[PDB]
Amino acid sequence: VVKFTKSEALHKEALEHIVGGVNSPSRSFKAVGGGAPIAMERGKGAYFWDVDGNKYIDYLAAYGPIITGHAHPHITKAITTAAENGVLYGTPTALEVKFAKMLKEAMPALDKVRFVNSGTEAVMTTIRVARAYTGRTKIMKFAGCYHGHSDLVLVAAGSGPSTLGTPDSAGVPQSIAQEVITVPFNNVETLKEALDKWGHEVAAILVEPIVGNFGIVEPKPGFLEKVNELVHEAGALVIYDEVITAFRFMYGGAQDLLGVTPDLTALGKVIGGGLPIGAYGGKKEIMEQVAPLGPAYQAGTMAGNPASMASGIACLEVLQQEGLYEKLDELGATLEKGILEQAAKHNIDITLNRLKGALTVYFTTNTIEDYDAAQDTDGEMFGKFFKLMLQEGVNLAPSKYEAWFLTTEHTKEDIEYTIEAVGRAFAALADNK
């Protein structure tokens, strides 16, 4: 039996100074039955150590950014050098141009780019830019997809077919929600309906080209192609939110992987090497709306800072290695196979979506192709599974809507232990109900 005594004490103290003891609700254990979240003291490659000295194989990847593992020495070197020369200037630098060019080389549809401080800021910006460019106000998005924590993307459907949004957070006015139309991911019919109905007032649609925010869910064949067709027909723009997808599945974005081109792209997470970052980019004429060139305002005190540029560069230099994404795919396939075998063995009902080195285990018999179905999977089962996995020394994200991410540092043996641990986790579930 593992113990979490120090984490418990830390959480108790955290509650006094930080709202709910966490700086993101995602980090709370509320969704998985409560209790103190586990506090980590150190990460190295595939491993975490908590404040009680327990070791974990980590699949959280800090919710998407981590792919070179914790503290990869090539990135650490770059960060150290950056700190030694000052991490923040408020002026142009060579590194900004270098990193901009490297992103353009990997994702040839970016004609120009701008750096911001987060995926949230990147998305906020693409929206303002699409509105400035088209002269339109409304924004479309797919149900359940996450585009950061700005007011506009904190809106839900939509009572009835193709309707105006309702607020999905307190503090978000109906005046904001009124500008957003939400429709189901992977559904051509409803997309058609909404565009026929509102298409002429829609500045842009937001798309996770591959979904990572209600588990990993791939677009069906023809879907992204149809989004482009329908949205362009309507005079609207397509914004790919690639904050998760870019550099996660190949050296490049899902747009390069799947061969479908948006008008604008939002980036973040992986491209910072672990440091805070965002970027957006796309077709020349669209980007030229941004000040000082155009009238659309975007700024940010830490935007393009030398530390994040340096660590981002270092990270992509690592990801350039030949055979790297193929290894993630291989290990992912091994992991998928093993989890499915353990589920069959122990009569646990699961569905598993994997693309390369990212996967989600759902507790259900339904194949998950949209948010509605992910919502209806067994969160109570998932919660118990999550806590049993901790006991096995495997750190997952504490939500049924999260992905397991492999890194370049996970080994065959890491995966084989993980499978063993899942086997023991599933056995325990079987013995309780």
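Numbers follow the displayed sequence, beginning with 1.
- Note on 102-110 vs 311-319: mean CA B-factor is higher in 102-110.
- Set 262-270 against 170-178 and average the Cα temperature factors; 170-178 ends up higher.
- The residue among 128, 147, 74, 226 whose C-alpha carries the highest B-factor in the deposited model is 226.
- The PDB entry assigns the greatest CA B-factor among 252, 332, 306, 292 to 292.
- Annotation for residue 33: C-alpha temperature factor in the highest third relative to the rest of the modelled chain, per the entry.
- In the PDB entry, a CA B factor belonging to the highest third of its chain's modelled residues is recorded for residue 285.
- Placement of the Cα temperature factor of residue 198 within the chain: highest third of the modelled residues, per the deposited record.
- Annotation for residue 337: CA B-factor lies in the lowest third of the chain's modelled residues.
- For residue 135, the recorded CA temperature factor ranks within the highest third of the chain's modelled residues.
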